[PDB]
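Let me begin by presenting the structure, written as structure tokens, before commenting on it.
Residue numbers (this note's numbering): 5 to 126.
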């Protein structure tokens with residue numbers, strides 16, 4: 005195609021560096037992934053609830069650190085970006101994924117992956 009979401013955006017570097025036998029959707033995907041490992045799958049079962057707010061993309065970089073504090077808090081030590089989360093998630097949830105806006109305040113949340121919640125923060 006062209007891009008794969010994390011095709012060298014920003015912190016993507018630190019992301020690609022992150023893959024402690026965890027999600028590593030990048031390595032796995034590129035690893036002729038198809039349907040064997042069952043990584044994101046095994047973690048998919050969890051279907052744990054999560055919630056994070058999105059801010060001006062101009063702060064996406066910083067928001068990433070703030071996001072982790074929200075996710076990594078209830079998630080596994082991961083240094084992914086909001087841009088990668090959408091892609092990484094899309095894999096574990098190609099249905100309802102999270103987006104990012106750079107102009108106004110936004111909010112995204114989920115309980116498993118099916119039903120999600122959105123808002124403009126208040």
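In this text, a Cβ means the ideal position worked out from N, Cα and C, and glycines have one as well.
Counted within 10 angstroms of its Cβ, other Cβ atoms place residue i as buried (16 or more) or exposed
i           : result
residue 106 : exposed
residue 102 : buried
residue 40  : exposed
residue 85  : buried
residue 119 : exposed
For residue i, three-class secondary structure by DSSP
i           : result
residue 113 : strand
residue 37  : coil
residue 120 : strand
residue 90  : helix
residue 15  : coil
residue 125 : coil
residue 96  : helix
Expected contact under 8 Å - CB spacing of residue i and residue j to nearest Å
i          : j           : result
residue 19 : residue 88  : 5 Å
residue 62 : residue 14  : Going by Cβ atoms, the distance from residue 62 to residue 14 rounds to 11 Å, so no, they are not a contact pair.
residue 99 : residue 117 : 7 Å
Three-pair Cβ contact test at 8 Å for the segment 47-56 versus the segment 107-119 = yes
Which parts of the segment 17-64 are runs of the beta strand (DSSP E), unbroken and 3 residues or longer, counting only runs that do not cross its ends?
-> 54-58
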